[PDB]
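2 protein chains.
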Amino acid sequence: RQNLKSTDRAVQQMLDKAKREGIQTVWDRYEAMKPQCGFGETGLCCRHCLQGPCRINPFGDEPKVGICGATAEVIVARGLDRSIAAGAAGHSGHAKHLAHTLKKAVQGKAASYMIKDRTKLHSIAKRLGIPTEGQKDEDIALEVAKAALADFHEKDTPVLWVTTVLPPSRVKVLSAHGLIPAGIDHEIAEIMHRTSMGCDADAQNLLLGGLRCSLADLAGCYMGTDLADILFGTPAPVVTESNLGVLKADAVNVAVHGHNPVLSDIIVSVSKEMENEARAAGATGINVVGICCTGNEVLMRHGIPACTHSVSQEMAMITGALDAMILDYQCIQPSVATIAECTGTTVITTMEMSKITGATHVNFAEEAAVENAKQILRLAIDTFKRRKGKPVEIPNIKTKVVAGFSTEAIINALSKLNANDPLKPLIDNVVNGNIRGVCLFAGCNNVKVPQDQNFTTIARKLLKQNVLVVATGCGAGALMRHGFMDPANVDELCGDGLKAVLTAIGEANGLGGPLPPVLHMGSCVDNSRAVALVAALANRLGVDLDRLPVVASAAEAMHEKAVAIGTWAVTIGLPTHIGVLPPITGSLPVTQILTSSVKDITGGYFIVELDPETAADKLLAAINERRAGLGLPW
Amino acid sequence: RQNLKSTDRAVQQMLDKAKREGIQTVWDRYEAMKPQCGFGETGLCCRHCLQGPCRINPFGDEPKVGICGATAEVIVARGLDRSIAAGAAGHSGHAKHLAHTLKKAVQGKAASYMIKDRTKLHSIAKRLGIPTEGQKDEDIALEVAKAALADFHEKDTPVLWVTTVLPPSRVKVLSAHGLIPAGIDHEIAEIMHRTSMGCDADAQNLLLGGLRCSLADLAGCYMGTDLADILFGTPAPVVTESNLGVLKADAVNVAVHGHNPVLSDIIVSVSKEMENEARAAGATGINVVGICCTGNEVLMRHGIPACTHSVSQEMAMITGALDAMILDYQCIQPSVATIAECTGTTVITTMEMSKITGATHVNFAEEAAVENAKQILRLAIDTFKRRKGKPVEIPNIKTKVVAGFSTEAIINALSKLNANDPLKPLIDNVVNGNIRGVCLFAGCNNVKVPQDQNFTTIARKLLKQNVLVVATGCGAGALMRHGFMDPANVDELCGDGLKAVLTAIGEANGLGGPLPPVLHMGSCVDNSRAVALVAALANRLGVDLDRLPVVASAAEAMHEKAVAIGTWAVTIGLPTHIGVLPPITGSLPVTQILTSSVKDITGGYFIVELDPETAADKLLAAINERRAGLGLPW
Ligand code: SF4
Ligand code: SF4
Ligand code: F3S
Ligand code: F3S
Ligand code: FES
Ligand code: FES
Ligand SMILES: [Fe+3]
Ligand SMILES: [Fe+3]
Ligand code: NI
Ligand code: NI
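Same order as they appear, the protein sequences are chains A and B. For the first sequence, UniProt numbering gives the first residue as 3, with consecutive numbering after it. For the second sequence, UniProt numbering gives the first residue as 3, with consecutive numbering after it.
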């Protein structure tokens, strides 16, 4: 039975435990929701004013139009635009938090934080045009943080975290269509305005606004990665493990869940100090483990093992060994606060704008990060003690994970084959066919799709066709939990050409073995790292991104953030697969813009395909079409 | 039949014409939508991620909770918060537009605009703390415009268009609850973040965020009024007319519809220049008439007659005499673009973010306002010529309207009774019972309510109980179209005490007659004028706004902007009636917060009441409770 819910064996085992214990899960709540509303599924519902709710029958007779006259086209486009703005609001709110934290750190107001990556700080300053010669690091960083904050509002320049991160030719194409954001929060607000009742009512105009707001989301992502690297270190290759078997019955198990490394990075460092305090309580130590993006952040930088991801997050609690779940914001099922009553887990919120009824709230202030962390960890230690003598059921299931492939690390790895032209070995192998193209897997799991089934099915076909696969967020989580980040699986998973390249790079890096089958490029904001890599390739080749054999797949998408990311992938020029239905099919004109005529605007386009084998074929076709456009064999 | 749709006779006549001509109206589209979705009506629907749509049965069995675990409380509060943010995005986008226009004007970049009200400019600068002594007006205005723009983002001060417009004691109460906005667009974005999936999931916390975002909406409203007064003149009493009978078969009839006086003010002035050009085309002249808020703006400042409002806007076109409908944004039924095919009206959009498929778009640039206006008006003249010899059906129905009661004008009128303490005559008459209290009517019509029936039913009962009634937006539109702004109706409509006061003020102003039964305080952003009046009363009395016998009624609310306004009315301390159901009844805890326990936070509260006689009784009870709290008879 449980295989229809998740393809992860550890998740299946915990689903069996939840069932016999009567603990309701996300899958049970989904079953209880069926059949879901077909107006909502197709996008043909509007609640943007108190004359509503309005709906439109996909087919048949009336209602055919909204009460104010809004057509199916308008309703669908307005709902989509609001989702893009909501995603932009999340990624950029994360980035804004980090910008204020950096400012505080270098103003002397938060001594738990510091410039850890001086090289990253100077390179960002150079990219932005901020002078470094003869300046103190703290002054350079103050200027970077102020520039970050300035990109949220209108000013004399557009959003620099768009215009300084894409090639000039791409910026020119976007500017010609009016798509460069003027300010991050400015664009979010303009979306909410133009989609309110009696405002924008032309599908093309609305969708152009959405594309521009998606670039505000990209700017937030890139800003988040940049600032987190300065504060916490740019990732480099690291070896760790994933899945529920990383929990340890004899340790205090603490999950960091949510998004921002401002919180999870301090938890990691403070946890090591309190080891002896944990031992006094009868534990071996504090075992910090990751869930969702903030787990990815500490996996990428510190090798903290990943417990689980996205849709299966409740299953970590069902083991009975999760003593604490420490939260900041985004992608946290609020069910965790009630499940904790039955599992014993202490669920702790820390951010003023993200509370859950029934969860313990411990305000976290960057100015008091270490002390606030100790208060939180001491709640976890008390919880470990309370479970003295209780059996736990930790599935003895884990994989080996090689990760930490920031763009800097990928360039460094390649530089071992060509020191002064590090991108050339990659391009050479694209040209000779050893690498067919590149595919970025991104985004969530979604309860509608058996967990991980689309990521793994698509990835397997692409890897066998010599596609270089990179991954972020819970797409990276899916692939790591299924062995795709273990170099021991290269022979099984990779075509001969891809294997040759991964082996050549690995052996040049002293590994006596290959790079892993899939390169983990980090959290969801770290989709911006894939942008940096692709933009660097484009610049080295002297072509725009919409000529490169690079595609993206949000194969099991869920969050509004994933819609925003998919939309900016299209906007920067990529064929972009989405493996769940976004609420667009109720308007053929809108679907045709997003899947076809946007090619004429940005060169990218959505590929909506729920069958993963077919999605892989379509992604391969998109890659091979790009190869043919460059005059390459395929 | 038509009386169930609208209580306005002119609207009824045009509904008969639309019916025999087969032209579908908002009322027909509403009928086609019935029965509307009960999940949406109650707030128990969520589409915030691609696992949805989710719904919760108001009563009965499953579904009882959203797929991610979101409760009814969370779902209802998140939807409400998004509506507040959308309203804030509209009012503040309007204000932002005006701030950029003022900046351009005084930088020499838009010579069609200028500082028209020097007195207002200096008083705003003084309120904000901007020095004026020894400064050029253009420099003072540059500083005001920059301060306006700065309130959209975080900075070293909170939003000054909140903190400098409410009494210190009210700011202190709000600050204690964390409710002062940090930046207008900042708060909009934070709402969209915290309401996205897996973020804020505590109803009280979510609603506190909503209250804070409503204050960002108030700041946008107040900023909009302030800047429009500087650019276009602070209103003073003016006499005009309203309803469809203000159209003239032998003139070029041009409706200004939407919101921003940056557009409608120029149309008014340029139209007078082109009179002879219109006469050459066989017209008597150009007859500019108003619809919705931008109509209110030019009615308040110039006495431009109001044609119609809100829900009945299509009926102006049905006359056959509306040659042009000139739009910027907000509250425009997009049906107008298709109805125009059948009526001959030229519908013209002018703003980049607000287009309607099938409508002619004429970009308007403040830098070219006069020329762009002439292009627009020449389309209208061509349209008049095309209807040579066609019969029109203009209902011969109009009322007399005295309006222009800005807060400055109200203070000036009262100063004729007490020159150096102008608020005292008003307070004296509250104390002696000649004025029972004050009621602000605000907001839209809504197709669910027979048009104007709640505004007029409630207003009549309050006026008979000696309540001083003020009105804005389409509440003012409803009341003007039913004679409530004609001083000749004071004897019929007003209790003896109110009549005595209106007569005493009018006779002291040289009128030989009373002020009108209802004081028109302007457009919906000009709800901020009512705030200025109430805050001035509070300061003169040394008490906070939640002790004053002042209430608000959004008696037929529709737009997200009306939800935002109602919410900030509650947040500043007022009992606030809403005469349509907002999507809250699916959560009793949320309803109880908004109608009861918020009293303990801000002193205000919502009164949700769809029966207008009962609503009037509840508003009177709220007024009389405030009187009793002040130790006054009632
Ligand atoms: S905006 Fe138009 S379509 Fe949407 S709920 Fe209001 S009347 Fe219906
Ligand atoms: S956010 Fe939760 S309640 Fe809303 S659609 Fe997604 S799963 Fe359903
Ligand atoms: S952290 Fe969230 S946005 Fe998707 S990628 Fe994972 S569920
Ligand atoms: S202009 Fe719009 S917000 Fe309501 S008050 Fe009139 S319908
Ligand atoms: S009618 Fe179901 S989503 Fe609105
Ligand atoms: S189920 Fe009808 S509004 Fe969503
Ligand atoms: Fe994430
Ligand atoms: Fe309005
Ligand atoms: Ni994500
Ligand atoms: Ni309004």
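Every residue, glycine too, gets a C-beta built ideally from N, C-alpha and C.
Reference residue i, options the options, closest by Cα
i                 : options                                       : result
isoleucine 460(B) : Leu539(B), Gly477(B) and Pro133(B)            : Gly477(B)
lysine 620(B)     : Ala283(B), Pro635(B) and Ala557(B)            : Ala557(B)
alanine 112(B)    : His102(B), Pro614(B), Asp119(B) and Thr121(B) : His102(B)
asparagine 468(A) : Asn431(A), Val241(A) and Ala107(A)            : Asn431(A)
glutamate 43(B)   : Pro55(A), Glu33(A), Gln38(A) and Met35(A)     : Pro55(A)
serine 589(B)     : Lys106(B), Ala90(B), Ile117(B) and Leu209(B)  : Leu209(B)
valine 167(A)     : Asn298(A), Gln453(A), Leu535(A) and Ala415(A) : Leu535(A)
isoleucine 117(A) : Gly360(A), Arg31(A), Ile186(A) and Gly235(A)  : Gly235(A)
CB of residue i within 8 angstroms of CB of residue j, strictly
i                 : j                 : result
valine 565(B)     : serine 94(B)      : no
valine 248(A)     : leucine 379(A)    : no
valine 503(A)     : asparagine 436(A) : yes
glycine 222(A)    : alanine 323(A)    : no
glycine 180(B)    : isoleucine 193(B) : no
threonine 401(A)  : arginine 462(A)   : no
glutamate 494(B)  : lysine 19(B)      : no
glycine 292(A)    : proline 336(B)    : no
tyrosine 115(B)   : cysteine 201(A)   : no
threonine 296(A)  : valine 258(A)     : yes
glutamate 277(B)  : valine 403(B)     : no
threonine 286(B)  : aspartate 252(B)  : yes
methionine 487(B) : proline 518(B)    : yes
Whole-angstrom C-beta distance between residue j and residue i, which should lie under 8 angstroms
i                 : j                 : result
residue 1(B)      : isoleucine 132(B) : Beyond the ends of chain B as shown, which are 3 and 636, falls residue 1(B); an answer cannot be given.
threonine 458(B)  : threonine 9(B)    : 7 angstroms
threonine 587(A)  : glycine 81(A)     : Incorrect: roughly 12 angstroms between the Cβ atoms, too far for contact.
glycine 439(A)    : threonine 385(A)  : That pair is no contact at about 48 angstroms.
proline 585(A)    : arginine 49(B)    : 7 angstroms
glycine 605(A)    : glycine 575(A)    : 4 angstroms
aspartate 546(B)  : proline 169(B)    : 7 angstroms
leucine 100(B)    : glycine 226(B)    : 6 angstroms
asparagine 298(B) : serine 525(B)     : 4 angstroms
Assigned exposure category for residue i - 16 Cβ within 10 Å defines buried
i                    : result
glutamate 156(A)     : buried
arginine 22(A)       : exposed
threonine 616(B)     : exposed
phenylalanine 407(B) : buried
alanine 370(A)       : exposed
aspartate 83(A)      : buried
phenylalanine 61(A)  : exposed
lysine 148(A)        : exposed
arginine 388(B)      : exposed
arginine 3(A)        : exposed
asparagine 5(B)      : exposed
Neighbourhood of residue i by C-beta, 6 angstroms cutoff - its chain only, sequence neighbours within 5 removed
i                : result
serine 312(B)    : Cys446, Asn447 and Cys476
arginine 629(A)  : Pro551 and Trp636
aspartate 325(A) : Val254, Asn255, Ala382, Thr385 and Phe386
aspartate 119(B) : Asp231, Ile232, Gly235 and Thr236
Own chain partners of residue i with C-beta closer than 8 angstroms, once the 5 adjacent residues on each side are dropped
i                : result
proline 183(B)   : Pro160, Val161, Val164, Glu189, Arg214, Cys215, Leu217, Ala218 and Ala221
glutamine 377(B) : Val364
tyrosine 607(B)  : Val572, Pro577, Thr578, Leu596, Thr597, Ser598, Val600 and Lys601
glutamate 64(B)  : none
Contact set for residue i: own chain, Cβ-Cβ below 7 angstroms, skip 5 residues either direction
i               : result
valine 67(A)    : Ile58 and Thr73
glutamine 15(A) : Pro397
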